[PDB]
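What follows is one chain in C-alpha cells, specifically the form deposited in one PDB entry.
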C-alpha cells in the first residue's frame, strides 16, 4: 500500500497518464457534453490525482467539488486549484475516501478507477465505497463497465513462451546443466497475462460481455467475478487463449459517452490483455467453445485468473491459472 501510494505520488506518473489522449478527451467530453448534470451541483472526485476531473466538473459549472486523494499528489492538486483561481469551488481533501469526512452528500461521483481488464485496481472497490456520500437521486461517472472476452489465435505469442525459456535448455552453462528447469520456466511465462495490442484478425468469435453497474454494485461484489462463456466460432484454427478489453459508459441526462479499450478503437494505456491456455484447442467455424473465466481477488491488490474452456463438438479442453500481479508488458 506504501508502494501503491508512492507510485501515484509522482508528477511523472500523472504526466504519463494525462498523455493518454483517449482517456483525457473522453472524460472531458463525458462531463462537458453533460454540463447540465454538473451545473450548480455538489461533486465528489474519488482519487483525484492532479485534479483534472475536478477542473472538468468546475468547467461544467459545479458549485462545490470535493477532490479526495490519499497520495502526496494531493499537495500538487492543491497548487493547481489555487493557481487556476478555484479555491471557492474545489476543496482538496488529503486521505483515503474510506477514512475522510465530507461535510455534505453529493449529486455525482466522478473517478478513473479502471485497471487492466477493468478490475486490476484497488480503487474500483474505493469508488463503490464512496457511494456512502451519494444522494439517493445521484449519478456516477463512469456509470457502468463492460468487460469483453474473445478467443484468439496467435501461434507467434504461443511459441514465444517456449523461445524465452530456451536459456534453460543449456546442458553446460559454465559447467551447470540448467535443462531440468526448462519446464518450470515455460510454466512461469504461461501464467503471466500479456499486455499489448494485436490485429482484430486474431479474434475467432464475437466477444462475450460481463457488465458491472457501478450504481448498483457493492464493494464485496468484486472479490469473486465469475464470467461464463459460450463462443460461436467464426474462424477455423487453434485457439491459443482469451483476449480481454473493457468499455465504460458515462450515462448522463443529455448523452451516454463511451470510453472503449477495444482493439477496434484507438490504442489507450490499458492496451488489451491476453491469457494463454496451457495447450491450444482446435475449433472449426460453427463449433462452440464453452467455459468459465473466474477472477478471485488476492492480497496483492490483484486477481488470480482461472480459465477453463472446451470445444463442445470434440470435448478437447484446456485451462490456465494466471496472476494479474505479474503481467508481461510485451508492447514495443
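Superpose the two forms; the largest set of C-alphas matching within 1.5 Å is the rigid core. Positions refer to the first chain, counted from 1. Residues that one form lacks are left out of the comparison.
Keep in mind that the form deposited in another entry is missing from the display, and what follows is about it.
Colleague: Please name the one residue from 184, 200, 79, 255 with a C-alpha displacement of 2 Å or more between this form and the one not shown, using the rigid core for the superposition.
Modeller: By this measure, the answer is 184.
Colleague: After a rigid core superposition, would you say the CA of residue 105 moves by 2 angstroms or more between this form and the one not shown, or not?
Modeller: Stays below the 2 Å threshold, so no.
Colleague: Is residue 136 among the residues whose Cα moves by 2 Å or more between this form and the one not shown after superposition of the rigid core?
Modeller: False for residue 136: its C-alpha shift is below 2 Å.
Colleague: Does residue 166 count as moved between this form and the one not shown, where moved means a C-alpha shift of 2 angstroms or more after fitting the rigid core?
Modeller: Yes: residue 166 shifts by at least 2 Å between this form and the one not shown.
Colleague: Tell me which consecutive stretches, at least 3 residues long, show Cα shifts of 2 angstroms or more between this form and the one not shown after the core superposition.
Modeller: In sequence order there is one run that relocates between this form and the one not shown, which is 165-187.
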